[PDB]
Each structure stands twice: as structure tokens, then as C-alpha cells.
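Labels run A, B, C, D, E and F following the written order; every chain starts at residue 1.
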Amino acid sequence: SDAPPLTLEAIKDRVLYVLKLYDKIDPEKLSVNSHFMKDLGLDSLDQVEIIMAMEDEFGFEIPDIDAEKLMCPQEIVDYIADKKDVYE
Amino acid sequence: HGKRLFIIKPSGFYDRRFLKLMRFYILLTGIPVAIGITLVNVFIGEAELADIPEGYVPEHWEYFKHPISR
Amino acid sequence: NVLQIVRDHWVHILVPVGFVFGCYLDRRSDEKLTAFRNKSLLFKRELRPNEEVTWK
Amino acid sequence: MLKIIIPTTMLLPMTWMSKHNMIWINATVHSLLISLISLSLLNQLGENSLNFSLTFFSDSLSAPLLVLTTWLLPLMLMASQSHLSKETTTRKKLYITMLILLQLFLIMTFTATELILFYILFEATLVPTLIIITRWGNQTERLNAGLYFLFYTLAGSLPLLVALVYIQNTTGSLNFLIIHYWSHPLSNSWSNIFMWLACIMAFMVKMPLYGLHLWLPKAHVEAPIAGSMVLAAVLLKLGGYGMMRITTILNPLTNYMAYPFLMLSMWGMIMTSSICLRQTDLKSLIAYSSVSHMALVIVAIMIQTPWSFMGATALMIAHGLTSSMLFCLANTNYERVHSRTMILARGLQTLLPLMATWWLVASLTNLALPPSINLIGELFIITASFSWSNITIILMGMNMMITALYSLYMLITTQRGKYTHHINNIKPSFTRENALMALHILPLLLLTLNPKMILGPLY
Amino acid sequence: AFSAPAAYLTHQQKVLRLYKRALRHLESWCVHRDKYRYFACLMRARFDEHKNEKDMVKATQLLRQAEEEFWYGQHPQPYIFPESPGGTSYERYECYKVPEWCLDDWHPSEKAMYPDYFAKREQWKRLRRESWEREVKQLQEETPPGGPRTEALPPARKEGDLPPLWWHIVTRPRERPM
Amino acid sequence: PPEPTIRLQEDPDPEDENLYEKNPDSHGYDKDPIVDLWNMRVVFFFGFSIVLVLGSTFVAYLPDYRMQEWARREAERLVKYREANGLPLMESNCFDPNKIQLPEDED
């Protein structure tokens, strides 16, 4: 293994990193709690592409039922922290 | 790092106790038996085949080689 | 304490008494099958100077 | 021989005059001492036999069975100590009395110089087993199981008594020694055919034969743990011992006569091993595995060659020990789960690792892994059958494969995987259960060092 | 996996799931990143053409027909994440997942070690005993008559209340206990 | 229907009792700790110590009543003699034909 114990700060940093490299969103307008449907004007297909990027970034894939009802970076971070059993 | 987490596992105390008890009793009887067998083999054992003297009839336990068998 | 543990531990003696009694009964029953003693063709033997029976 | 019988008889007054909380301790200690006493009989000769008296003799076919019968009682007591905890002293004493009487009947059965005495004790063993099954049984079908077990046996054995008295009327003696030295050929006649059938079917039903094996799953599933142990370990071997003893008079009629039985057993081992694959019950699976092994023993006895007899003896001893261990393991699971179904309690290796190790060893020895005596008997019987006919091996091959399958199936369903979430009353295994498994398994791995000690008189 | 399922899947849920499966299988087909990006954008563009279609019968005609095409070219050996239900490490660590109640069976000599852990566990047990008694009444009053219609549980609504049926969700062993 | 819906006056089915709760180190033998421990000790001593060890040693060192070394020595002496005489090892007939009286056929 030799895997560092990733934390909430690292998860959120990597989430926002992936979202800022998403050129459909200008980086200076997004935020932790910024919605996907309304605050950024993104399509549902864009949301599932975001799910693609998250799955390819964290090395695990989210089930479709949970994925299709994830609309904020904050709740995505919370879900992934629950999956990975993150302490702080 | 002081991230030592608690490992939930079933109680191994009873299994270890049973294994220790079984080993203790088995050794308690086997070690004296092994020592006695070694002493008998080194000191007394290994009789060698001979010819029956004329006019002498051997006893029933005198037809065996190992002293413990005799 | 003697005469007290006996009243509770007396039962233990029974199995060994049965064993020795069975050994004695086996010998006694053996005593009744001596009709061919020192008479088998394979083991006709002349008695020792101080021997009466080949086996008991 | 009385040096063994008299202590077994004295076991009864000792049990009934015991203090209310010292019966188990007294019984186990004296049973182990009697077992130690029984060990003297193992030193057999290459000559005729150990003829103690006119009533009892010993043989290297009888000696291993006697030793196993004596050794089984402490294990049965230790297994029964658990579920009889909330029971009155009188009824526990009655249970121990029944076990002691069963041992005494078996001991007198295995020596039995005369065939009518052998039959009397062979059928006397029936009453204590029936009472144990129908009295200290949990389910409501114990009565039907007891009825099946009684009536299959008696329907098989009633012609045997008529055949025996007829044989004594004609020949003039039922003594084993006289019969062996004065054996004469049986002409191929209808009367001789029916005499052969009457002499054979009584021992065939108790093996049991594939056609007549129905009573066994009922009796094994419904009996308590001690009843299952004594049925699987000793009571099934009575038929094999009887066949090996009585077959001498039967020749040369056995060759023609043996075909219906040889075919039934060679197909029934496959049928029962395949039945084991689709079972929802541990006890039924173990019972069907026992049926398969005893069908192989039937084949070995019917072939009637020296290697056949040695393989049959070794397989009988090994199967007795292995099946007793398997039933003990299933009972340990049942006493925690109270369901006695494999698919309910799962992943027990995570919770009970040492008990999982015991399960693995028991399943391996049931699988006939070399150089265990199970495979010694397996291979001797297989070689004898191959010499009998080069086609039998194919069936034997299937049997071996199927056996391994269900064995590991039973190992995988209950020990591997994920533990059922809801069950929470799985307490750590007691010292008593671990000692029971150790005392079951150590004799097998000790005997594999000295196989000749269980290979019978034709060694 | 965490959320309760629905009584059915809508048309948009089906098209999104088909998009997900097709994109994953195309990524499996296109090993290299640039080729995958080009073909994924080509597929996204093709997909968006029928986006404003309003005919329901036509909508049914779309995607289902695509599903047959997806089944024909579904890359019989797709890429699966190691911990996914088809991955090579799907249930590697299920053998290390020991239940919590097993700690109730430890010998006192074992409980002598780790005393603070067992004190906190006792506090947890007290909290569970009180909270379950509250939760039984809360779920009894909040459940619709005739039995629940969807297997979703309501949250806690009072101050000292806890989520109903929480003990076995909070007390999961771990993802990687050892 | 004024029936009590109870077929008979019955005791409730008791729950299983744990030997570990009221007594750690319970050995699964008895609810009384002293009888428990002594039963464990006697079972272990009379099974593993006495029977499995002393009995195995006794069986291992049993005298040759099967006569295996006797048979080996007999065969050794017999072959030593036969090779020297020029006799052809073991004979085909188990019994000497001169002392067997066949029945004459005259067919």
C-alpha cells in the first residue's frame, strides 16, 4: 500500500482542481457549494461527465443511483468521504 | 504517525488457552516417555540374535529384540 | 478428611474392582481348558526338573 | 474378555450411585480407563485368533472395532453434556445408562463366538438406540424415524434367524471356528439361493444398501448428537462385520448372487454423492456421505478378495471416526444457531478460526487425502475392484471427484464468505468442543503411522 | 448504493445510464487518451442531436435502438475498477470485517487492554438504548398507514432525537479494517 | 368468538443461557466453576495424557506376535539352503504329490 491517509482537505482540493480544469466552467465563478444545474448552467450530461472525471480521479466508480443525484461539489466530497471513511 | 486504529476481532483467548492446555498435557506425558525410551535404547537395548543352547528351552518373552517389547 | 470423603468418593473404586474381578474370572475360565496342555503335536515338550505345567 | 466386560457393567452402579453433579466426571474418567484396557486386544497373531473362552474370541477384525466402540463413549458423553444441562438427574442417569448398555451390547456383539449369540446381541443393540432417538429428540418426526429404523432392521433380520436355525439343524453347529473348518460348497439351488438371501439381506439393510437406505437420513437427522455419533461410527459397521463373518458359508454361490448388490452399490454411491451436492441440511449431507462410503464397503465385501477385506476394514474405521467428527461439528453449529441449515449461518471462519481449522481437517479426511487411512481403504478397494473388472474404475473415479466436491462445498458454504449480519449469539468455542474435535482427529493421524493395526485378519 | 431505489426508471434516467455505459465501454475500447477524447466528443455530439425531440413514441424509439447497438459493440472484456462488483479486488477485505458485538464476548483479561475504547463503547451502548426506544415511537408515528411505500427513512426532527435505525449504519466495521 | 385463542396453559419457551456471562473461563463443561475446572482437568489428563500417549507408546512397542521377523529369518535361511543345493526355489505344488491319491478315470 504505502498510501498516505488522505483527508477532507485533500479530497476537496482535488475536487476543485478537477472542476477548474473543466473548461466549461470559468474557475473564478465556481465555489464549494455552487450548484451544477443552476449556478453553473451545466447540462445533465455535463454532470455525468463530471462524475466520469471524479471516478477516474479517485480510482473508484460511484453507482449510477447515487451519482445521478449529486449536484454540488460539497455533497460529492461528503459522499466520497463517507465511502472512504475519512476522519478529518 | 499516531494513527493507530482499533482492530475489531473475535476473542482469541479461549483458543490460545485450549492450545496451551493440550500442549501442556501432551508434553507432560510425552517428555518423560521420550526420555525413558532414549535411556532404554542407549543403556539397555538392542539385544542380538543367538543360538539356543542344547538342553535349554527359552521363555516366551525371550524371542524378541527390543527390551520394551520383551 | 477420611471417613467423610469416602462417602462421596466411594464410587471410583468400582471400575478397578470390576477389572481385577474380570481378570480373575478370565484366569478361572482358562483353568477349565487344560485338556490339551503339553499335548499339542507342535509343542510336545518334556517337563523341566522343577516344572509341573507348561502354562497356567 | 471379561476384563473389559465387567468394568463396563460396573459403569452402571457407579453412575446411579454418583453424586448429582459428578456423573459426567465419573463416567468420562472410567470410560477412558476402560478404553485404555481395550488396547491390550490389539496385539493379534498371524495364527487363528485370540480365543479367550468358549463364548468370546478376539480377531484383528474384531479388535479395532472393539477399540473404536470403547473410545466412542467418552466422546459421546462429552458431546451430550451440553444439551442435557437443564435436565433432571434421574433422566441424565438414564441417558448414561442407555449409552453404557449400548457399549456393552456392542462389545459382546463383536466377540460372539456363536452366531445365535451374535444375532441376539446384534438385535439387542436396537432397543437403546431406539429409545435414545425417540426420547431425547427435538423434532416431532423422531417417532417416525424410530419406527423406520426399527422396522427396516427387523424386516431384514427376521429371515436371518430362520436361516441360522436351519443352518444349525443341518450342519450341527453355529460356532464360528467349526463353521470355518467344516465349510462345504453350496449347490446352485433355489433353496440355497433363498438361504443366501436370508443370510445376506439382514446385514445389507444396516450398511445400508442403496435400495434400503431410507431409514438412515431420518434416524441421523432426528437423533441427538450421541445417537448420531453411535449410528454413524459403530452401528453401521455391524452389517459389514456380519457379512465378513457369514460370507464363508456362502461360497461358491456368492459370485452369481453378488451382481444385483454390486450394481446397486456402484450406482448408489454415485447417486448419494450427487444427492450430497444439492442438500439444505448438514446432518442429511453427512448421512448421505456415510451411505456412499458404506456402499463402497459393500462393494469391497462382495468382491471378496484379501485386498478388498483389508480396504473394507480400514475404510470402516476411518469413516466411523470422520463421520463422528462431522456430526460433532454440525452439532456445535446447531447449538448456537438452532436452525441446522447450512445457508443460514455463514462465514464462521472469521468468528471461530480454530473451529474452522477443525472443519478443514474433517473435510480433508472425509475427502480421503493421503496418506490418511481413509484413502488407504479407498485405494485398496479400488485396486481390488479394478482386478475384478477394469471398468469399475470409471465409476470409482466419478465417486472420488464427486466426494471431494461436496466435501469442499460443505467447507465453503458454512465457513467462507460473509457472516450473516443478524446472528449475534455466536459465542467463542468452548474448551470442551475443541477437546472433542482433537480427540476425534488425533487417532486418525496416529493410525496412519501404523496402518497394519486396522487392516484386518488378512494382512 | 446508499440511497433507496425508485419504483421505476424514467426515460432520462435510462438515457443517462446508457450514456454512462457507452462512454465507459468506449474508453475501454480506446486505450489512449487522445483517441478516447476525440471519439467521446464525437459520441457526445451524436447523442445531443435528438435532445430537443418531443415525441414520446419517437423518444422510446431512440436509445432502445441505441441499446441494441451498444450490445453489439460492448467490448466483451471492459475495464472494471478494482473494487467494483466485477473488479479483481471486489471483496478482498470482507474476510477482515468483524462485527462490533463480538467485542461483547471478549475475556476480561483482553478488555483490560484498551480500557478507554470500552468506556466509549459503553457510552455508545447507552446512547443506542435510549435512542432506539425513542426511534420506535418516532417511526411508528411517522410511517404512513397500511405500511411504508418506499424504503426510505425519515430524519430526526426533535433536538435530542437521532436518525431512526442508525446503529448498524454508523457502526460499519471499515472499508479496510486490516 | 369468546375463545381465549390459547390452546392450553403453557410455559413460555425459555431463552438460551450463556455459560460465559455468569462465569468467564467457563470451559463449556458445567455451570459450577469448581466442577467445571475439575472436569476439564480430568478429561484432558485421562484423554491426552494417559490414553493418547501411553496407549500409542504401548501399541508402537507391541511384541512380534504376527511373526514378521520370524518369517523373514525363516525365508532367509530357506533361500540360503535352496540356492546351495541347486533346488529351484519355491515348488509349484504346496503338497507332495506322492502322498496324494488321485482317482483313476478309465474313461
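Note that in this section contacts are C-beta pairs under 8 Å (C-beta built on N, C-alpha and C of every residue); 3 or more make two chains touch, one makes a residue touch a chain.
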Any chain that touches subunit E and subunit C: D
E-F or A-E, whichever has more C-beta pairs in contact: A-E
Maximum centroid distance from subunit B, chain identifier (CA atoms): A
Subunit D and subunit F: spacing of chain centres that average the CA atoms, whole Å: 13
Interchain centroid distance [CA atoms averaged], subunit A/subunit B, Å: 68
Length of the line joining the C-alpha centres of subunit C and subunit F, rounded to whole Å: 25
Centre distance in Å when subunit B and subunit E are each reduced to the mean of their C-alpha atoms: 60
Sites on subunit F at which at least two other chains make contact: 20, 40, 44, 48, 50, 52, 54, 62-63
Where subunit B touches two or more other chains at once, by residue number: 10-11, 13-14, 21-22
Multi-chain contact residues (two or more partners), subunit A: none
Sites on subunit D touched by subunit B in the complex: 350-354, 428-431, 434-435, 438
Sites on subunit D touched by subunit E in the complex: 347, 349-351, 417-419, 421, 424, 427-428
List of subunit B residues in touch with subunit E within their complex: 5-11, 13-14
Subunit A - residues contacting subunit E, complex: 44-45, 48-49, 51-52, 55, 59-61, 63-69, 79, 82-85
Touch list for subunit F against partner subunit E, complex: 20, 24-25
